[PDB]
Amino acid sequence: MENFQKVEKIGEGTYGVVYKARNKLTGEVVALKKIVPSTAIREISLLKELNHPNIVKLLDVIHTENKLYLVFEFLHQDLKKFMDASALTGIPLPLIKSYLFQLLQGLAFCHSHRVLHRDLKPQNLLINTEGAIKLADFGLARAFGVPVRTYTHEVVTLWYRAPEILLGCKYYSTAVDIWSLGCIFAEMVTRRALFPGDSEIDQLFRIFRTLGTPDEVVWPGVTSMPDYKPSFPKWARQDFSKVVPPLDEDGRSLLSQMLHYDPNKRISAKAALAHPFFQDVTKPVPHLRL
Ligand SMILES: Fc1ccccc1-c1cc(NCc2ccncc2)n2nccc2n1
C-alpha cells in the first residue's frame, strides 16, 4: 500500500471503502478497494484475466498483513449520478440504447467464462467521457459473498435481485445478471426504480404486482422452490405499455425477455445483442460535468 497515495473517498462499497488513488511510481490514477481464505484469493486472482472493454479492469491484488486491496482501472462517474443529473429530461433513448448494448457485451463476455456479477446496480455501472460504460466488481460476489449489510451497515439493495434468488434457488446462473440489467434498463427509461423493495417479501411482491404472481404455467417448478409459499397473493400481470412508457415495442419486447421468470428461458446476453432493438444502435457522447 505504500506504493499508493489516496486522493479521496469515492464511495462505500459492499466490502469496504473505495478510494481514488495515485500510484506513487507510475503516477497512474486508480480505484483502490479495501476488502483472507485461499479460496477467495484464487477466485480473485482468476479475475485478472477476465478482460474486456466493458468490464472495469482489475489491475492487481495487494494482500499484506492479512489486509486485502483490489486495484482497478478508474472511471470518473457512476450511472446513478448520471441518472440523477439527467432526470429533468431523461437520458436520450439513443444513449440508453448504447449503454444497454455495451453492458450486454460485458455480460456476454463474462458469462462465456461462467463468471457472474450477481449484484449489478447503478452504483457499479461506470461511465467515461467517451460514451463507454463498464461493469465494476464482476466476480466479487463468488469470491466474497453478497452480505445483507455492507461494512458500514448500509443495507445492500434488493431492487435488482432476480426472483430465483429471492425464492431460494441455490444454483442460480448467469440469468440473474440479465434480470438486474433489465431492471436498470427500465429505470433509465422511466426515471424511477422498477422494483424498489425494502425487504425480501416487498421485493418479491413488487415483482409479482407488475409481472404477475408466477405459477407453474409461466415458470415450471416455481412452486417447489424453497421460499415459495402457496399463500402468496395472486396478482395479474401488467402490460409493459403501462410499465415503461414511452419505450417502443422493440424495447418492450427485449425488456420482457430480460424479465422472464423462468431463468432457463430468460434471454441470454448474446441473444439480447441480436434483438431488433439494437438495429439502429449508435455511440453518443454523454455530457459529463466532472
Ligand atoms: F463500484 C462502486 C461501488 C460503490 C462505490 C464506488 C464504486 C466505484 C466507483 C468508481 N468510480 C466512480 C466515481 C468516481 C468519483 N466519485 C464517485 C464515483 N470506480 N472506478 C473504478 C472502480 C470504481 N468503483
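As the structure lists them, so they are numbered: ligands from 1, and atoms in each ligand from 1. Here, residue 1 is the first one in the sequence, and each next residue gets the next number. Quick note: numbers below take in every heavy atom, side chains included, and nothing from hydrogens, waters or symmetry partners.
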Exercise. Find all atoms of ligand 1 within a distance of less than 4.0 Å from any non-hydrogen atom belonging to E73, and give their numbers and elements.
Key: 20 (N), 21 (C)

Self-check item: Residue part near ligand 1, for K20, under 4.0 Å between non-hydrogen atoms
Solution: neither

Practice problem: For residues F208 and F232, establish whether the separation of their ring centroids is below 6.0 Å. | Solution: yes

Quiz item: Ignoring hydrogens and geometry, is there a side-chain-to-backbone donor-acceptor pair from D248 to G251 under 3.5 Å?
Solution: yes

Quiz prompt | Sub-4.0 Å atoms of ligand 1 with respect to non-hydrogen atoms of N124 | solution = 1 (F)

Quiz prompt | Ring centres under 6.0 angstrom apart (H76, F74) | solution = yes

Quiz item: Does a side-chain N-to-carboxylate-O contact under 4.0 Å join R206 and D202?
Solution: yes

Practice problem: Decide whether the shortest distance between a heavy atom of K81 and an atom of ligand 1 is less than 4.0 Å. | Solution: no

Practice problem: Would you check whether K33 has a nitrogen or oxygen atom less than 3.5 angstrom from a nitrogen or oxygen atom of ligand 1? | Solution: yes

Quiz item: Checking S86 side chain against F82 main chain: does a donor-acceptor pair fall under 3.5 Å?
Solution: yes

Self-check item: Proximal ligand 1 atoms for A31, defined as those under 4.0 Å from one of its heavy atoms
Solution: 20 (N), 21 (C), 22 (C)

Quiz item: Honestly, is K24 close enough over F4, meaning NZ or CZ under 6.0 Å from the six-membered ring centre and within 45° of the axis?
Solution: no

Quiz item: What residue and atom, counting heavy atoms only, is the protein's closest point to atom 14 (C) of ligand 1, and at what distance?
Solution: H76 O, 3.2 Å

Quiz prompt | N or O contact, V18 vs ligand 1, cut-off under 3.5 Å | solution = no

Quiz item: Salt bridge check: are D227 and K229 linked by an N-O gap of less than 4.0 Å?
Solution: no

Exercise. For atom 12 (C) of ligand 1, grab the closest protein heavy atom and report residue, atom and distance to one decimal in Å.
Key: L75 O, 3.1 Å

Practice problem: Give the contacting part of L126 toward ligand 1: side chain, backbone, both or neither, where contact means a heavy-atom distance below 4.0 Å. | Solution: side chain

Quiz item: Got the closest protein heavy atom to atom 3 (C) of ligand 1, with its distance?
Solution: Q123 O, 3.3 Å

Quiz item: Taking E73 for the side chain and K57 for the main chain, is one N or O donor matched with an acceptor at less than 3.5 Å?
Solution: yes

Quiz item: Which ligand 1 atoms, with their elements, are less than 4.0 angstrom from a heavy-atom of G11?
Solution: 5 (C)

Quiz prompt | Shortest reach to atom 6 (C) of ligand 1 by a heavy atom, considering only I10, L70, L79 | solution = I10

Quiz item: Judged by modelled atom types alone, do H275 and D250 share a side-chain donor-acceptor pair under 3.5 Å?
Solution: no

